[PDB]
Amino acid sequence: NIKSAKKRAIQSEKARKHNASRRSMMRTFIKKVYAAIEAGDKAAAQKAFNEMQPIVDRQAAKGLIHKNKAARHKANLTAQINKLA
Amino acid sequence: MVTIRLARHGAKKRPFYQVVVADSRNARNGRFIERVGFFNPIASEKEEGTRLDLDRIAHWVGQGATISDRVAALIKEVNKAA
Amino acid sequence: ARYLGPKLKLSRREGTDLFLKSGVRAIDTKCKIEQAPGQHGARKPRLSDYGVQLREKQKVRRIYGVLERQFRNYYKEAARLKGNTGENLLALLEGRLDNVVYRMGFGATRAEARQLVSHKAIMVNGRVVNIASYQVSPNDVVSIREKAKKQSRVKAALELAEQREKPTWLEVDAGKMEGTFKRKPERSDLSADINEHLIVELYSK
Amino acid sequence: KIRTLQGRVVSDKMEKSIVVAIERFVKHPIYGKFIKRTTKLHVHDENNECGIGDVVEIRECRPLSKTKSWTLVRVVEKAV
RNA sequence: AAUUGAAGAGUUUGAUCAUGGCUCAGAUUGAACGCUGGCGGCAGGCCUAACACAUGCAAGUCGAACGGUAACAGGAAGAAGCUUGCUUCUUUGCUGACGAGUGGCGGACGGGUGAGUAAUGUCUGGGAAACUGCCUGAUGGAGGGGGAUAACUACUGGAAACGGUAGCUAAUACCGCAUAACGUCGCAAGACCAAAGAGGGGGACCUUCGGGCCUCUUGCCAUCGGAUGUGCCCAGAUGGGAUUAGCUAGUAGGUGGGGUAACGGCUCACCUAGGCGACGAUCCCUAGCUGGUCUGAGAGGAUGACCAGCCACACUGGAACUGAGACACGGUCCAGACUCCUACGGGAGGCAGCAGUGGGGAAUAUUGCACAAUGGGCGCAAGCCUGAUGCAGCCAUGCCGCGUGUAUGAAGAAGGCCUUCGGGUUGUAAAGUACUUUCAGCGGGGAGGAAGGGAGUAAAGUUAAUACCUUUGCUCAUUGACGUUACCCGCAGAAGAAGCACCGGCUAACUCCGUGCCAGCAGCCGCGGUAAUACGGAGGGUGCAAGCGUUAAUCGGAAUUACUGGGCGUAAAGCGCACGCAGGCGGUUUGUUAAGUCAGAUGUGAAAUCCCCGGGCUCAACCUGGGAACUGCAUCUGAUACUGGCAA
Ligand SMILES: [Mg+2]
Ligand SMILES: [Mg+2]
Ligand SMILES: [Mg+2]
Ligand SMILES: [Mg+2]
Ligand SMILES: [Mg+2]
Ligand SMILES: [Mg+2]
Ligand SMILES: [Mg+2]
Ligand SMILES: [Mg+2]
Ligand SMILES: [Mg+2]
Ligand SMILES: [Mg+2]
Ligand SMILES: [Mg+2]
Ligand SMILES: [Mg+2]
Ligand SMILES: [Mg+2]
Ligand SMILES: [Mg+2]
Ligand SMILES: [Mg+2]
Ligand SMILES: [Mg+2]
Ligand SMILES: [Mg+2]
Ligand SMILES: [Mg+2]
Ligand SMILES: [Mg+2]
Ligand SMILES: [Mg+2]
Ligand SMILES: [Mg+2]
Ligand SMILES: [Mg+2]
Ligand SMILES: [Mg+2]
Ligand SMILES: [Mg+2]
Ligand SMILES: [Mg+2]
Ligand SMILES: [Mg+2]
Ligand SMILES: [Mg+2]
Ligand SMILES: [Mg+2]
């Protein structure tokens, strides 16, 4: 507002919208797996886990979700799928 | 990050620095990891103008600490009484 | 700082000569010693304990030409030093540079020696020392500066100092105007009238 | 050997949990008399079947629920 | 070497001894006020309104990340009036550089304040279920593509703030794909995740002759480490009030799901009725905590100003984004109070950052110089920024040091005061005489804080390269705000430099005159109603001294909250008596435990400060080397006399 920090403000805004888009995509991919588990279709749950796994793994690499959270999601969903099957 | 620097602790117009191992983000006279040695710009004719133990300096340098300009100059000047 | 006033008044009040003059006279002739100062000078002869303690303290202070604050600092240092407090205090008082100059005899009085020291006529260990309260240590050579040497003041003070007490704790050349502080004066080396053990209690009150 | 504590259970019914009272005999800072204090703490234990007047061995462990960071190790004798 | 430590007095009575209060002698302060005031060194300087703020400054930096010519410091071409070959004027990014823009790092550091917080913080001692920009060790990769956008152009709304529409463009910006182990998910088979280039130099072989190619430096990506920082958990300690006794429903516990970097009612669904509290819960008042400081012989009491560590906050309330790290002092959004600008359509603001202003108050300073040194941010470096910091200005606010001259000097001068009117005192005091010039003032000389950085050479290192680059030596110009520096030297001249309180006892120091219970004094006892050592003045004297005194506050004296270390027949003080829960204490004999207790060892108890021995500022204050202390806490190993537990 008084120093050239308006550049930081603009960068923060654009990064905010970008990261929000990525987060929404990842959350959609994660939630469809839970929908499959609730439906009880083992094949659908496994198929939804497969293509979702690279998304979370790569978003962890990009510096948006972190390895521990990325692994937590995979571990929980794998446990649920194994129990269902 | 750990670094070796000076800390002015003398008096007005009579500086007396102390070489300390401290995190860079801390203040000049703030918290330091440990104290290595001292330095007196007013050397005079006394038998003690500058002293520091090289063992811990080498320990920290090989552990990943940096050296300020004045501290590096002092190290290479003292070497061993030469 | 200094007193800057009549000198015989101090001796009259204290009842004894404090060595505030050259020595040729001003001991009996123009003193009226033992008569106390002022209008009620003679018509008084009574004193309390606290009175005698204060009188002894002021006697020492007026002998050595010091003020209350500096004397209290000296007392604190003497108490801090391990040993006998009175002996430490007397040694500290005797170790003053101006007092040492007077003992060596380069000055007729403490005031004259202090004036020399302030006017930069005394050197210690081959260096100038302008401070009168400078503390002299054992094995120290005290001498007059090479330049401005052979002055009427010191010339007229040596022969007077030739024989008064002959101090034994320091050496005097009496030639090139040099001396030496080889040891620290022992109590014995210093009078006997002073009851230091009254000042010690005065500063305990 | 690991650091532990010893105290009496005197705990009420609870699912896999018990409160223990560690007794210590400390000296009064000012008056110098020796007096006894108490420090009740909650302990986790599965297969919990401890009584009221039981002496138990307690050990500090990972935070297990709030107000619970201790677990039992051994029980010496019983109440009755 | 570091334990050399302890004083009382006045006042109740005709007098005495007790008890018991009040007062004084000491030390200390971020002090204020009155009188006075020469110099220097070191330190300190809004304690009240977390009241409101005009103005200036306090966070920028990278062209060696990328598009670019808006400044303009060069050069070249071309057109030209020509100085007649030298100038000028439009293009032109080749160029030393660079406003604006994208991108990276930094803005979470430094600095300010003590509102809130009574334990969710702090101190001590431990722990496990975590992350960590920059800095470092090791082991491995660094292949090939894509689509946009700012800047920039053409229009348009605006008083401003600030925009909107339509086109073009680069990257270490962004996004797939190739690649996948020691990494993630799984018991396993298995599945899956990344990358950026840039700069210096130059042989051979090839170039759309804008470079490929070789080498060197630096940069990027993944895993395991190190170090540093941060997050979390446990025990003990850390104010007052019982004229506050009951308080708690996500409350206490469990199963499952969710969530965080990480454990966890952190959050949901369900199940149980639990949890805290007299060893003080809940409620109310006050308060940042500590190392430390003051005082005290000690134990204790008071306190947290400066310095250092931690915490909390940034006009008030709330929220989250970005980021490694904020729920962010000079960021964002919403709401509120207040203020300001306006062309009335609409906008802006946060000094508890450094100066400074208004206000409040007994009270607290310059709208200063420099990045020379130290330390931070960016950068390969040069270098830029830095109200951090180094200095300077104001204040006797404190501690320390020096000076305001020295020697002689009887006619004991004159005047003042007293005087039994003999004289005494002021008083060697003054005058006079003989000497010196510290410090002020004038004139000269001149350390240290300066190490580095730069330019040029020699050696070594690396390599296809005598290149370029790095390291190590050598040579040449240098870099100071302080600064009319510290310090030294020379001239002249006692010349420019002393005041404050008190004098009845406590308590050191007495006479006269004025007044007459009036005026007045007074810390306590108390003085003054015509002979006042107590009021006012004078003389004299005592104490301290560039200070002196008064007021405010803490400790001491006060053994006057008595743990060390007090009392209750009559001075205050035994409940009217009794029974009894909790609590406190408990005869004797042995065994056992080892909790209390005692012994040794280890770890720790930041630095500074206090103390002992030393060193440097001309001595001191001040600065500084080593030690001691840091009386504590935790763990381990032993002792078993006593207390406790168990058994007989
Ligand atoms: Mg600026
Ligand atoms: Mg630019
Ligand atoms: Mg800070
Ligand atoms: Mg990238
Ligand atoms: Mg992949
Ligand atoms: Mg759970
Ligand atoms: Mg918890
Ligand atoms: Mg006491
Ligand atoms: Mg306190
Ligand atoms: Mg984030
Ligand atoms: Mg900020
Ligand atoms: Mg501000
Ligand atoms: Mg300010
Ligand atoms: Mg006012
Ligand atoms: Mg003084
Ligand atoms: Mg120089
Ligand atoms: Mg008297
Ligand atoms: Mg009268
Ligand atoms: Mg007491
Ligand atoms: Mg009593
Ligand atoms: Mg009775
Ligand atoms: Mg009974
Ligand atoms: Mg017994
Ligand atoms: Mg034991
Ligand atoms: Mg010395
Ligand atoms: Mg020291
Ligand atoms: Mg310490
Ligand atoms: Mg027994």
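Note that we place each Cβ from the backbone using ideal geometry, even for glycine, and neighbour counts take in every protein chain shown. Here, each number is a calculation from the coordinates, and none is a lab measurement.
Taking every alpha-carbon pair under 8 Å whose residues sit at least 6 apart, the stretch C:94-181 reaches a relative contact order of 32 percent.
Taking packing as the residue-averaged number of other Cβ atoms within 10 angstrom, the listed peptides B:25-37, C:83-95 run from highest to lowest as C:83-95, B:25-37.
Ranked by the mean number of other Cβ atoms within 10 Å of their residues, highest first, the peptides D:50-58, A:17-25, B:42-50, B:55-63 fall in the order D:50-58, B:55-63, A:17-25, B:42-50.
Both radii were evaluated on the Cα set of chain C; the Rg over Rh quotient, with Rh as the Kirkwood radius, amounts to 0.97. Using a simple spin-label model with pseudo-atoms 7 Å out from Cα toward Cβ, residue C:34 and residue D:3 lie 8.3 nm apart.
Give, as ranges by residue number, the residues of the stretch D:62-79 whose backbone N falls under 15 Å from the point 7 Å along Cα→Cβ of residue D:16. Backbone N within reach: D:62-66, D:68-72. Between 0 and 90 degrees, the angle of helix C:49-64 with respect to the longest Cα principal axis of chain C falls at about 20 degrees. Spin-label pair residue A:72-residue C:137: with each label point 7 Å from Cα along the Cα-Cβ axis, the two points sit 7.0 nm from one another.
Each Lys and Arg Cβ is given +1 and each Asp and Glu Cβ -1; about its Cα centre, chain B then shows a dipole of about 420 debye. Placing unit charges on the Cβ atoms only, positive for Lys and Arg and negative for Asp and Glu, gives the protein assembly as shown a dipole magnitude near 2500 debye about its Cα centre.
Where the alpha-carbon atoms of chain A are placed on the principal axes, they occupy 60, 21, 15 Å, in descending order. Computing FRET efficiency as 1/(1 + (r/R0)^6) for residue D:75 and residue B:9, where r is the C-beta to C-beta distance and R0 is 51 Å, gives about 0.30. Across the stretch C:120-126, computed HN-Hα scalar couplings (Karplus, 6.51 cos²θ - 1.76 cosθ + 1.60, θ = phi - 60°) run 6, 10, 10, 10, 10, 6, x Hz from first to last residue, x flagging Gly and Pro.
With the convex hull of the Cα atoms taken as the outline of the stretch C:55-171, the averaged projected area works out to 7.8 nm². Applying 1/(1 + (r/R0)^6) with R0 = 25 Å to the Cβ-Cβ distance of residue B:35 and residue C:77 gives a FRET efficiency near 0.20.
Averaging Cα coordinates gives a centre for the stretch D:54-80 and one for the stretch B:20-82; these two points are 52 Å apart.
On a C-alpha basis, how far is the centre of the stretch C:172-193 from the centre of the stretch D:9-28 in Å? Whole number, if you could? The distance from the Cα centre of the stretch C:172-193 to that of the stretch D:9-28 comes to 80 Å. Sort the stretch C:118-205 into rounded, prolate or oblate with this rule: let a ≥ b ≥ c be the square roots of the eigenvalues of the Cα gyration tensor; rounded if a/c is under 1.5, and if a/c is not under 1.5, prolate when a/b is larger than b/c, oblate otherwise. Cα axes put the stretch C:118-205 in the prolate bin. Does a label point 7 Å from the Cα of residue A:22, set along Cα-to-beta-carbon, have any residues of the stretch A:61-85 with amide nitrogen under 13 Å, and which are they? So the set is A:61-67.
Each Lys and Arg contributes +1 and each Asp and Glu -1, all at the Cβ; summed about the Cα centre of the stretch C:1-109, the dipole is approximately 420 debye. Of the three principal axes defined by the Cα atoms of the stretch B:1-81, the extents in descending order read 36, 30, 18 Å.
Hydrodynamic estimate: the Kirkwood radius of the protein assembly as shown over Cα pairs, inserted into Stokes-Einstein at 20 °C and 1.002 mPa s, corresponds to D of 64 µm²/s.
The alpha carbon radius of gyration of chain D, expressed as a multiple of 2.2 N^0.38 Å, is 1.19. Extension gain for the segment residue C:52 to residue C:193, taken as residue separation times 0.36 nm less the Cα-Cα distance, is 49.4 nm to one decimal.
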